[PDB]
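Structure 1 and structure 2 below are two forms of the same protein chain, each written out on its own as structure tokens.
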Structure 1
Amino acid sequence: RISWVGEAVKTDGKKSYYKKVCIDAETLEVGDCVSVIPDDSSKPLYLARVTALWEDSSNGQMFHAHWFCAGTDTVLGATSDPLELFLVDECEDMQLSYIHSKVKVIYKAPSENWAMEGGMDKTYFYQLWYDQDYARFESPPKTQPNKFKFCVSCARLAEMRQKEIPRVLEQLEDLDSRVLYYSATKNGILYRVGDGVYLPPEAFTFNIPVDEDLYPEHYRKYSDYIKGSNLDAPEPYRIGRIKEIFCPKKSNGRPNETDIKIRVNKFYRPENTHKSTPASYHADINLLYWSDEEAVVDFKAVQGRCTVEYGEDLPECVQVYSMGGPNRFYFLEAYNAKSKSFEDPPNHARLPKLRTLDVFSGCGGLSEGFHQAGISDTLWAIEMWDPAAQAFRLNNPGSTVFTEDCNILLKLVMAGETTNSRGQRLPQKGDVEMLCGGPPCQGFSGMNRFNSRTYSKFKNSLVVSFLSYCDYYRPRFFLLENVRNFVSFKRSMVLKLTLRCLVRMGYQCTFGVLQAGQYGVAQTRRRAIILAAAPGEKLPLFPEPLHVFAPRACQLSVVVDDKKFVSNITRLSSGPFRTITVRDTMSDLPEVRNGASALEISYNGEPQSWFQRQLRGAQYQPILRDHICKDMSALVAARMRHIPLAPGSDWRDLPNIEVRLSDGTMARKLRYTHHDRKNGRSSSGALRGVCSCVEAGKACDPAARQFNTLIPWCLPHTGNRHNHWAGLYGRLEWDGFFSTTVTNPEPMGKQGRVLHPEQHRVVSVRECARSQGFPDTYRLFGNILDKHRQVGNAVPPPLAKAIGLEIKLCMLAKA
């Protein structure tokens, strides 16, 4: 049968504990690993570590099973090592009758000389702990012993439970109906009387028909959807100052400490006063107004903690305070809602950087963000394209910039070479502490029709070149950025093989999708991010959103092999700061014409928004650089001049007129040869089809093509299968956001919403840089198309900065 080895060690109620057991041949101990056959006989064997052995008074002999995770059930899937398992926080008590056999598993700890093992290329083994929800591989926790029957998974799942439960800490006074407290804790955050709190926007309230003859293609706007619009963006958090923490005293009288309430003073954002949304235009994004309005909410509703300080009692200035920490707000005046006026507030309101190598550096958007975060000095940068190399050099005088193929340069280092052919010193093992880069996006971009032409192999891709840098140099931290489609390209195989390489090297790693607009730009730009960290390090979290942003642009979850993954991000429906708009981004720039080429002009005025104050910098700038526009042809310029200024205007609003051009001498009038039965006809009975495509799908006749037309011919030609080419020749809206900033803004590109909100022209280089969050002092290089490409390829610095601050926490938390 199954008899016990020895006697009992613990006496706990209906369970008699033991230390070791014997099942028919085999002595079994705690710490031993076993196998368990599943109920589904088709499924493979289950594996676990034994952490407890006991006997119940009603049921048979029991044991506690800390489950292992097979690699094939992680995000790796079929690319996993068959013998690799991963620790997880899953466990359960089971009958000893379920144990099939004892199995040996080894722990493959990284070597003490792991950072030098790079470049040199029948038993279960594990090296990493896995999180099934966030696709995180991490070093095994160090939760020591809960002395004998110490399950690792139980210890931290309970520690996670206490961390998440709202608890009061220090009583302050026992009143008639409530018990006042001085402090409370929640999700690891300590709240005390006087602190600031984030609250959901619903926590409390405050005390305050077209003439189809001339515009024929107007019918194609039946969708009534406006790309770039900010009508459905959520409100930012409510902010309040804790006045009381308290619990209902029961009918007996002791406090019910499971039902914690807080009373707060309401803070007004500028846009919450009688001066509505326009009040936000010029104000700092973290300016508040004190108010004497109070509100009671449940402690559970608190979304986080913030600092709200009286402005004039701060020892440093307001800019040094605002730039020196997260979640920092300030106030100067108070708001009297009934008086609708502003009064003075009452009296009762008063690490050394990492040496970084930037591969595919571009002009340096990613490196600039990491520098702003204060974590890195990019001492080496590799960039094959000379104009972008030169841009990087102008902004980073202490950096060694290699205008080199990254493949060639790594081959040189691996062969023992100390310098490149220019005489520049090559980084060696030990020099590189951080490795970051965005490989070209163009092979993964969904707009690329012809990705099926040249690049087919993964072994020969720049992504693998980049991982070879990681393997060779073995940096403390690693970052790879790309377009969102990187996670889904080739049924997610590229994502899975990248993560597979990292764990094979011994790296902790993870991946996620981030929306740049949630970190401080007026732009929808969803980017995939792989983070990795060396074994002795802490793996960074993805940064919590700072700005609210339109929900349709914030779909960040990723399906891989019928398993949905999300990142650690918990701010899903609100955030501390309002959204950044096209107005915030470029309302201060002077008017220029189509084809403006003056490289250095006057600003003609001071910065207007917080965002412009931040990007123009503290030091006075007498000259505005690179506010230059592509010189569009007479036809295209004539098209832009008749795109209405109203929000949502694009090619579909173009009049059907002939127009004399500046230097094209005439633009022809497109007319509807054949009929579209799907779309019908307009008030006049006009055909509504422009080619032989729209009848029965037969073929295009070249006679139906109409050259040099004002309404471009190719857009009605294929609009029915392209959603009416929405956005092409489209204007931005002052209250909206940019669509994705691309390398060459052109009104008939797929991302065609490139027209200025008021001027008859494509957005300038400076405006594109502003949409990416570049400081106005950030140097670009080359002709105007070179400059557009450097900006369009770049990681927005505010996004890179947010990621970098997460890396900073890991630098501080290690030692």
Structure 2
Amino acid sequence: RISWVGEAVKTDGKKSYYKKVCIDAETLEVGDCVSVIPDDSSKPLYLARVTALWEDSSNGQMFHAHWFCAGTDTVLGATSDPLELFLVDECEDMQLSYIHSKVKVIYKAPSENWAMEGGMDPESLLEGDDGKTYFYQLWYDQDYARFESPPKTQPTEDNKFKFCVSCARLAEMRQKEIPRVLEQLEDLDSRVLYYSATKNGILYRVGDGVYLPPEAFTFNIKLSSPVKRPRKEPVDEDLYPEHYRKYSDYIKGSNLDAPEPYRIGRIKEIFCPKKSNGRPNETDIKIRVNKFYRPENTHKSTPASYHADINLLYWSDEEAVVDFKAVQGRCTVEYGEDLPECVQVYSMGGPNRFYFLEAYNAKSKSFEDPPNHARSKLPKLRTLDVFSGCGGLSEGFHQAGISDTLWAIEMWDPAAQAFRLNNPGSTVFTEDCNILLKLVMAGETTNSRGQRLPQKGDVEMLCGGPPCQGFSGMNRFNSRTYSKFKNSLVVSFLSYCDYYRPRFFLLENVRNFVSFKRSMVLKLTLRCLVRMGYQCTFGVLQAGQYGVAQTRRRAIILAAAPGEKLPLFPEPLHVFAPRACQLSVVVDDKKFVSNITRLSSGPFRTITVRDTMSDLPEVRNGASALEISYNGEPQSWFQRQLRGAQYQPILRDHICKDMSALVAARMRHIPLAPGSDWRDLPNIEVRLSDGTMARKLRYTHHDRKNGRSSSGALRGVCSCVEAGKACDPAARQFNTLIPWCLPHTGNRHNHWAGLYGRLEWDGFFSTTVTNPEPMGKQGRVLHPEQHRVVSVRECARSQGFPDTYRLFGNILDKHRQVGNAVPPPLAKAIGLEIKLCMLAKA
């Protein structure tokens, strides 16, 4: 019933291989695809390509199965084409008895004309199926949710009869995962030194720079012990009655829990211990490095980093021995005086670049010169930016050097004007993108303004952030919400992608884009891209990890045309508060992460509010002067970068809103200490600038949950503080310095922590929003010391805008332009990944 076809081609040990076999009516050669029934008959069939056939002398006839992955098993889930399979690196040997049948599985290769085949309607993108036999077009990575073009690994001349792409690639992966040694330098008594070694695909030579975790070594400088603030001192509970609502010690925006950045070492010796016979123990690779001092690591503590470049190091003669496995990555560390180009052109010329000028001696606590033994393009993509705003994303991409935004669609006119101001020679459309795409599809050349419409082939990269009004909830889709989504700007954007078929595609959105409607918006977006034939993936980035003093998690969908390389997500550059760095995403109770490997540390120190705005001159509440004096040079590396090279005699848009007299009193009665907000307000009468009065907040009801003051006073300001009693309108009080509504509903809003909250110089911004309001959602918008709301220029700094980036409109328009924008440092990191792909194209 099961019989071989011929004699054996190769017999090794207990196995004997054959090329063709016969099962009960059928003949199978290596290369055919088959089906296998799981032990659970309710689960669907498994499908695999046979890669080898043989017989084991103690178990019987065997074959090697390289499994396919059903589309429902990918992140696409139920939205997958019911007949679409995906190549995966999964395989196993299995008895031929498990084979159920032979199935036809076709490879649907994109045509040479793929770029012109777009134009299918949203319904055909969302729900259209292929309508043929089993087919695959893409390889799938399950831990990163990456759909990519199938690998082109070639078969051996000695291992062709039994070759398996999956086995070959898994062996490649393991062999690059294990660290090895290379050209052997010199034999010593106790160890043997090498000139080079390799780890995770990176080549480390003697003299290269290594990233190490902060635990890898310590410095000879005594890390002088700071003092955590003693227990919260008791305050006058009748003067600051709401202070009791600060029983949590957690400070929003604080960097007290932010990790330390990497240690930087220079490889002095790569070496292995010798076995007693003299041969090296090459499974135990050690390295000897010279400790580099960051400025903040010298006897001058943290303040030494306020002015220094973020990549400035101090050479030292201290040394350390660590395990090679501890190396977190390679980096360049150059002596500045020997550098061919200037220090700025160097630092801006590539990743992981550090330089040193002086040398640090901890024993002497002095800076001297380092010993002598310490010495030794391509065309931009034409880009269409949909829902551009003032152009933060386009600016970041331009800074990466990959894009010229030739076309932008922005319906809000002041943001369109700002994008024009910053991007002359780009065509900015203010029409509905649906109207534009329909005009293009109808054969139109120009819009009603005379502007030339982008045609197929003009658009080489497509990026944008589409709003998600109507379906931004978590509840499941119904008919109404699904219709609103099918007629949505997200789907319109995908239609743009399908029509123009650019080389690269980026959808940016709020973090929760990945969870909307039980992750259905995400799943349908990926489904559309796959239906177009794109390679694609998704992930969540934290903008603060790329060089801004702000927590801003954004969702990122990346797509790359067939023939391209699918970009990686950018590795974090700066350490950041870990609680602001939850980037994982759960889809159908499966956890996906990105390719990011820097989880606990990083190469650059975190950017603080001090780095962001310590150089801006003091202004009053309601500052309106559009052009003022900086009153001095930039102070931090970040300020030098954003102010730029050419000297700027004018500081622009350092204006603030003119909050009312009551709000101004409140603000100037918020303490300057970190973590201060409305709960530290005093309960006093105060006369306002308009001569009116602000009265005490009187406590009129017993909150049995929160109790009473140390003086015995009540803590409720309304009858609703009782069990089921409703709001007595007479209990509402007006023109109180302590706003009445915050104690009124604070028990169910985490005591409205952060409202009327000050920023911290050592800390970061909460998410920069379109209109900073101290009693709104994100109400931590007060200046660290000045009695005002954060300014437009300060918000721009928190978003990482260059100071020369022109805005447009009134102050609320400009706040909104800044708030809506993608932080250019984040956009630039993504763009550099895209550039990697552009450079590494076959």
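In this text, rigid core is short for the largest set of C-alphas that superpose within 1.5 Å between two forms. Structure 1 provides the reference sequence; residues are numbered from 1 along it. Only residues modelled in both forms are compared.
S.K.: Just one of 190, 661, 116, 447 has a C-alpha that shifts by 2 Å or more between structures 1 and 2 on a rigid core fit; which is it?
M.R.: Result of the superposition: 447 is the only one at 2 Å or more.
S.K.: Using a superposition on the rigid core, decide whether the Cα position of residue 619 changes by 2 angstroms or more between structures 1 and 2.
M.R.: Stays below the 2 Å threshold, so no.
S.K.: Given a superposition on the rigid core, I'd like a yes or no on whether residue 223 shifts its C-alpha by 2 Å or more between structures 1 and 2.
M.R.: No, because once the rigid core is superposed, the C-alpha of residue 223 moves less than 2 Å between structures 1 and 2.
S.K.: Taking the rigid core as reference, does residue 456 move its C-alpha 2 Å or further between structures 1 and 2?
M.R.: Result for residue 456: yes, a 2 Å-plus shift.
S.K.: Determine, in Å, the CA shift of residue 713 between structures 1 and 2 after the rigid core is used for superposition.
M.R.: Reported C-alpha shift between structures 1 and 2: 1.0 Å at residue 713.
S.K.: If I superpose on the rigid core and flag every C-alpha moving 2 Å or more, which consecutive runs of 3+ residues come out between structures 1 and 2, in sequence order?
M.R.: Three-plus residue runs displaced between structures 1 and 2: 146-148, 440-456.
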